[PDB]
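Next up: a single chain in structure tokens, the form deposited in one PDB entry.
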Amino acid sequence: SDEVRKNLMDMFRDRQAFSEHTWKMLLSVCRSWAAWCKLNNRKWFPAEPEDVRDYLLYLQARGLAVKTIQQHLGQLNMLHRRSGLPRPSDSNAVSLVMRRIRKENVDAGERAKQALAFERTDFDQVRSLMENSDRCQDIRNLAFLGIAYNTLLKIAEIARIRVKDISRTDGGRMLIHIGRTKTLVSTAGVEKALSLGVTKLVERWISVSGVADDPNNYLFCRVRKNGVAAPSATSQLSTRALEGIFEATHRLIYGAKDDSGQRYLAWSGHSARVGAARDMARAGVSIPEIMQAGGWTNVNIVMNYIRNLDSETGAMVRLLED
């Protein structure tokens, strides 16, 4: 009763031990669960297993994805395990219904989607059009698109780059040192090399933006309606803005989005990462090489961007046709 209160207090004291995103989703799931509980006159904490089971079934009935449901269940489990209490998933009712919901949704066809690919051809076509612009906005966007495709870095890692993180090979190729993440949080860190063509795009951006003024400045920054860049060493370009560059570039080439409300109708923050991964594979690049490129530690995730690369090769259709 008080041991629980202490545990929770300890968790909140050292908040910084978890990503802000985890907290954000913890409160969002708690909001959702607490509302369902109120609407059903139930106690939201500690959670009763039969109540949690009803809630997950309610989420499925609302039409949410299987991964969304697993997230709600996962946030509830963390809140309890860290409170010193037993996890809802510790009961049959909850573990069995989750399995049953995954089964029925997947059987009805549900599948986890992945970002619309932005590949070598898309990059070449965008560079060919934007190459000739003098606008600060255009120069920045093209430089961002290039780094994204060349390095396979997530949008959050890109927004984190500082001018001082950039070095250069003896060959004149740019090098961006990256230190952590989801994960990777390490010592040492990594370096991402840019092709000569791409480092040229970045050079042009630094020049017109004037972010080199201070090595602490973040590489990318906002650019106001009048074309003036606003370098900063305290704030970074929101990842929401970066997803906006991918979306506006797609609209530039293909026009306005659908109306279906569906996701991935245009390029998004993860598009170049899935597009590059796939280009390397279709080129014969070895798995360890492809892995190094994306930072993937296992051969599973990799196979996953290629997870949607399965298409009739015609292999058997050739053996037979001869």
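Residue numbers run from 1 along the displayed sequence. If you superpose the two forms and keep the largest set of C-alpha atoms that fall within 1.5 Å, you have the rigid core.
Missing here is the form deposited in another entry; even so, the following discussion is about that form.
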| item | value |
| --- | --- |
| Of 190, 129, 156, 184, the one whose Cα moves 2 Å or more between this form and the one not shown after core superposition | 184 |
| Displaced residue check between this form and the one not shown: residue 49, CA, 2 Å or over, core reference | yes |
| Yes/no, residue 80 Cα shift of 2 Å or more between this form and the one not shown with rigid core fixed | yes |
| Core superposition between this form and the one not shown, C-alpha change of residue 38 at least 2 Å | yes |
| CA-CA separation of residue 284 and residue 312, closer or farther in the other entry than in the form shown [shift of 3 angstroms or more] | closer |
| Distance trend in the other entry - C-alpha atoms of residue 271 and residue 312, change of 3 Å or more | closer |
